[PDB]
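First up is the structure itself, then whatever we jot down about it.
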Amino acid sequence: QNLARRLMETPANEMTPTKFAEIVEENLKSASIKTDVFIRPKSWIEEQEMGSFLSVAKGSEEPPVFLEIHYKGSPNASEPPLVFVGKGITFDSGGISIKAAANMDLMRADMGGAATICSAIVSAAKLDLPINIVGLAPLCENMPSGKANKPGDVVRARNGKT
Amino acid sequence: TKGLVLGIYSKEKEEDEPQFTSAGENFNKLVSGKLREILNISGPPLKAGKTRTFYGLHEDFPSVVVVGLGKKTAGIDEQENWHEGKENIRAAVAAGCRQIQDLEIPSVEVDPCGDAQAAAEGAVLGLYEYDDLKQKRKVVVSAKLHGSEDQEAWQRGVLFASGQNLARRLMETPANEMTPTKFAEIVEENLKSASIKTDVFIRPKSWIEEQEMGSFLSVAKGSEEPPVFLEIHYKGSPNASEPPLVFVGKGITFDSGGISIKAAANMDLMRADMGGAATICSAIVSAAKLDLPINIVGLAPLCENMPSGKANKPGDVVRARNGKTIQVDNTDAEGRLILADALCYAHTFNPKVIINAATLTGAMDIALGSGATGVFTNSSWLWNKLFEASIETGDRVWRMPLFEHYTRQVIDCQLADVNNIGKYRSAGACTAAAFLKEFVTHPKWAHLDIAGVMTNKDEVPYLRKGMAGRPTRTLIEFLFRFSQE
Amino acid sequence: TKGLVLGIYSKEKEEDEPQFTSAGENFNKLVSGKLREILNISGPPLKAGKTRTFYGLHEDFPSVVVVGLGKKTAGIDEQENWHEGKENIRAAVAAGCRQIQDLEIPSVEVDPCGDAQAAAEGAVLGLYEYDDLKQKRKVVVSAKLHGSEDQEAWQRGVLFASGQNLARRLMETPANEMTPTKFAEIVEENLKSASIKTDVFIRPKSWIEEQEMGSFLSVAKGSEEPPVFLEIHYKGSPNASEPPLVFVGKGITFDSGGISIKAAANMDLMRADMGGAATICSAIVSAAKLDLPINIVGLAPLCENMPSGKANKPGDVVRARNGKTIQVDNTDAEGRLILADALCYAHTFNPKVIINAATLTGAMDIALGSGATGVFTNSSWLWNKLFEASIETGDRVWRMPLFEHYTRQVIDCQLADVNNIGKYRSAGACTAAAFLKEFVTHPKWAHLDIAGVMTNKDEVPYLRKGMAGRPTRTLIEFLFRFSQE
Amino acid sequence: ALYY
Amino acid sequence: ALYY
Ligand SMILES: *C(=O)[C@@H](O)[C@H](N)CCCCCCC
Ligand SMILES: *C(=O)[C@@H](O)[C@H](N)CCCCCCC
Ligand SMILES: [Cl-]
Ligand SMILES: [Cl-]
Ligand SMILES: [Zn+2]
Ligand SMILES: [Zn+2]
Ligand SMILES: [Zn+2]
Ligand SMILES: [Zn+2]
C-alpha cells in the first residue's frame, strides 16, 4: 500500500509515465524472478490500434507508455492468468475541457488505479502466490495544447468501436 | 503660434482676487491687463485642477489656458502623505496641456507654477499616450518651459516623467511585440543611451539552466517564446568596488495563468505583468540619466506564462537556485516562482539593499487598489526612505506586514519545502510576500506589490487611461536621495 | 489532585542545560531532582510552545506538564511588532492547560513563567470553549496561579482574557439566541456586575425613529427581529463632566446579505457580524472591572440583515441622522449604513476620541487575513496609541489608508450624496472606511475593520477554533494606558 | 460587503 | 496569483 501511496503522492513532473513504469519494474523484479515487464512505447501502442488511448496522450509532450507486467506464479505455465488493469493518467488537467484551478494538484494521483493494481501484483509476487497474474496500465498525461483531443472528436478503440 | 499654460491660485481670505503665478501676472502685464479682464468676465473662479481657455490675447499665443493651482502654500498634507502643492501642479498642468492638444496645437509653453519639476511632470506624464499602433493619433505636442529661470528643475521633471513613460510604454505594448527579447533590447538601448558606464547581459535559456534557476525555468517552459534573464549594471560610484543596490522585477510578458488558467474577462491587461521589470529597469535608466554616484544592478527574469503540453502542472515540484523545493499548487502564482531564483541571484552581488517589484497578486488590488503600492520590508530604515521619497513624488507607498503568521501558511506544504499558494484565501499579498522572504537572507530587502497600481482610469489626474508605470518616480527619488545620503 | 503546568526555557549557548523558571526549579527541588531526571530521560529538549507530561512525581500533582517557553529574554520583536516573550508564554501555558484538560483534571495550578499576566491570558484564553449547547463537553477546568507572589498580575491576565472570552461567547452564540435584545441584555448584566457607576439604555425602535436614524432603520426592517440601539455609560472619571471616550460597534446579529444575498457556503459565520459590538462592549465591561478613572460611552446599533417583502432594495435612497442621503446599491454593505447613524450620534457626546469596530468587509480578510486588525484613522497619535497597546497584548493592529482617492469613489453617486458600495472592486476595506469618514467630523477617530480577525483556526496558538473576540485586549490596554496618560 |  |  505504501508503494502505491509513494507512486500517487510523487509530483507528476517526477512521476511521468516512463518513471512510473521504471519504478514498478524494479519493485516487481526485486519481488520475484518469475516476472516479465514490457514498457511498451508509443510505436507499439499504435501497432496495437489503441486509438482511444492515443487520443488522450497526444495533447501532452510527455511520451505515453503501455505498461504490461507478468507474474508467473502458477506451477502450470499455461494456467490462465488473472488480469488487472489500472488507469495511469500521470496528471489530469482535464485537457481542452479544462479543470478549475482549485486543488487541481491532487490530479497527480490520477494514476492511482495503475498504482494500486501494480502494487498489489508486486505484493502478490512477494507472497509467492501460486497464480499467474498480468497487470496492464496505460500511462499518459491529459493536457491542453494545439494537438489535444477536441470535444466532439471521434476516436476508434482497439475493438473497432467508435 | 504656440499655446501657453498659465497658473492661478485659489483666492485667500485676505486677498481681493485670486493671484496669478509670476508668469501669469507678467503675461497679464504684457497684454495690458486683458488676461485678468477676460478671466473676470468668464465667471466663477478656477478651482484646483480646473481650466479655462482664452483666445486671441497675444499674437504669439492664440490660445492661453489658465489652470487652477489650488492653495499657493499647500505643502505636505499629513492626512494624504504627500506634498499637496506638487500634486495640484501636476494635475493642473496636465489638464492645461490636454486642452492645448485638443486644439491640435503642436507646441506649448508651460508656467513653472513655482515648482518647475512638478510642472514638467504634469505636462510630460499628462500628454503621454501609447499610440504607435493606431492610424488615427492626437497631434504630437512639444512642451517646453515658459521662461528661462527654472531650467534644471524643469529638465529634472522631464527626466523623472520620461522614466515613468518608458515604463508605461513597456507595460502598454501588446505582448506579441513586447516579448522577453524585445523588452530586454529596449531597456538595453535606453540604458546605453543614458550612460556609457553600463553593461547589459541578455542572458539566454542556456545561462538560466547553468545557473540552476529551476523555478524560473518551470514557468517559462509552457510557452514557445524564449525566456531571458536580463541583467543590467550601472557603474555610477567613483569606487568600482562599492557594493551595488540591487533591483529585481517580475517580467512576465504575458500571464494567461498557465494550466491554472485565468478567466477571459480583462485578461488583456496581463500584458502588463512585466510591470515590475518595467518600473525597476526604467528607474535604473533614469538614475543613469541623472549621473547618480552609485552602483546599481537590475535583474529581470522575463518569460510568458502559457498553457500547453509542456507547461507547469499543479502539484509539480521545482528546485530553486538556492536548493529549496517548491510545490507549484497554482500555476498562476508564477511571479513568486520566477522571483525566487532572481532574489537568490541578487545575493551574489553583495548588495547594500535589495528592492524587488512585481504585479504579484490580485489580493493587493483588493487590499489597497491604486491608492498606493504595497511595501513589505524587513527594514524600517528602508520603509522610511521609500515612504519619504513617495511624499515628494506623490506616487504613494503603504507598508504591509511581513509576519511569521503568513510564513507558516506557505511552509505548511505536502510535498516540498514551500508551497506556492497559501493554505487559505486570506491575505494573499502577505503570504506571497512571505514566500519571497524564504528566498531572502539580506537585512535590507523591500518587496513592492504593484498589482493595484498597474493601471489608471482617472484616479491619478495626470495619467491618461492605461498602464500607469507606477511607482517609477518614487524609485528614482529614493535612488537620488540615497546617493546624497 | 490538581494538575501543574511548569515552564522551561530554551538552552542558551553558555548554559549546560535548559533552565526552569523559578517555580519549575523549586518544584524540582521539592521532588528531590526527579523532574529534571525524568525530563532528561524523556529525550529531546522542549522548544517554544511544546509540552511533555510526567506522571506520579508528587502526591499532590499526579500530572505535571512542562511547557517550552522559548528564549528567556525574548522581548519586543521589531520584525513582528509584538512582545515575543509574552506571546511565547500565552502559547505554552495554553498548550499545557489543554493537556491537563484532556486528562480530565478539573483543577490546575499554573507557573507565572516570569509574567503572570501573560500566563493567566494563556490559560484563560486557551481553555475557553463555547459548549453551552452540547450534551458532551470537556471537563470544566479551574486554573489558578501556582504560588502567591504574582497575584495582581495574574488577576489582571484573568480579567483581560475574560473580557475577550465574553466577546467570543457573544460572537459564537447562534443568532437565534443572540438577538439584538439578548445581546443588549447580556452586555447590560456584565457591565452592571462590573461597576455601579454605569447606565445602560436598550433603546427601542421608537427611539431609533425619534433619533432619525433612517440608515440604520433601513437595514433592520427586512427582518422581523426587533432592532435596538444599545447605549452604555461607564462613569469612571472623578469629574462627571470630563468628556468621554466613545466606542461604536457594528451589531449585525446575523448578516444574510439581505436582497443582495450571500452564497450558502460558510454563511453560518455571519452570526459573528456583531463582533464589532461584542469587542467594544466587552472592552468597556473590562475597563469598568479595572476601575479605570475615565468616562466611556459604548454605542451599538443592533439588528439582523434579512431578505423579505419589506427589506432594503438595491438603489433605495435612505437619509442618515446627519441629513446625508445614501444610495444603497448593495444591501450586503449594511455595516456602513448602521455605522453612519451611530457615528453621527457619537458626536453628540463631545467625545475625546471616537473608536469604532466592525466585521465590515471581505476585502479586509483578503488584505491582511487574521494577522492583524486593519486600522483607519485621521490621527497618527491615536494610531500610535493603538499600535503600542497591541505590542503588549500581541493582538496586532496594522494601519490602512484614509485618502481622498477612496472618498472620490463613494461620493461619485448617481442618486444621492454617497453610494454605499464603491464604483470598483478594488480596495473594498478602504472605500468602506472612506464612506464612514463622510459621517465623521471628529479629529481623533479610528475605524477598526476586524472582518479578518473574526475567527481563529490555529493562527493564534492560544485560541481554540472558533470566534476569536479580537482585538478586545488591545482595546482594554489602550484604555488602561490612556487613563494613566 | 463583498468584492464583488 | 488569484484569491482564489
Ligand atoms: C459585507 O458583506 C459585510 O457585511 C460582511 N459582514 C463581511 C464579512 C466578511 C467575512 C470574512 C472573514 C470570514
Ligand atoms: C496572479 O495571478 C498574478 O500572477 C497576476 N499577475 C496578478 C494580476 C492582478 C491584477 C489586478 C489589477 C487589475
Ligand atoms: Cl505569485
Ligand atoms: Cl459595509
Ligand atoms: Zn499569474
Ligand atoms: Zn502574474
Ligand atoms: Zn453584509
Ligand atoms: Zn456585515
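Chain A is numbered as in Swiss-Prot, which gives 196-357 for the residues shown.
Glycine residues also receive a Cβ, built from the backbone N, Cα and C atoms like all the rest.
Within A:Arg235, A:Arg303, the residue that Swiss-Prot lists together with A:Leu202, A:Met203, A:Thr205 for binding Zn(2+) 3 is A:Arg303. The Zn(2+) 3 site is set by A:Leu202, A:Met203, A:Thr205, A:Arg303; from the centre of their CB atoms, other residues of the chain with a CB within 8 Å are A:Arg200, A:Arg201, A:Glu204, A:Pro206, A:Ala207, A:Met210, A:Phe215, A:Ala304, A:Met306, A:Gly307, A:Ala310. Proximity of A:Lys294 (active site) to non-local residues of its own chain (separation of 6 or more, Cβ distance below 8 Å) is seen for A:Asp287, A:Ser288, A:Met302, given in sequence order. A gap of 25 Å separates the Cα atoms of A:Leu202 (Zn(2+) 3 binding site) and A:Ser238 (phosphoserine). A sphere of 10 angstroms centred on the C-beta of A:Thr205 (Zn(2+) 3 binding site) encloses 22 other C-beta atoms. By a simple count of nearby Cβ atoms, those within 10 Å, the most crowded of the binding-site residues A:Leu202, A:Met203 is A:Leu202.
Rounded to a whole number, the C-alpha distance linking A:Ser238 (phosphoserine) with A:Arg303 (Zn(2+) 3 binding site) is 25 angstrom. Around the Cβ of A:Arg303 (Zn(2+) 3 binding site), the same chain contributes A:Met203, A:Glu204, A:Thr205, A:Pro206, A:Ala207, A:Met210, A:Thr285, A:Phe286, each under 8 angstroms and 6 or more positions distant in sequence.
In sequence order, the recorded positions near chain B, meaning those of A:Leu202, A:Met203, A:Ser238, A:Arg303 whose CB lies under 8 Å from a CB of that chain, are A:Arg303. Under the DSSP three-state reduction, A:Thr205 (Zn(2+) 3 binding site) is assigned to coil, being neither helix nor strand.
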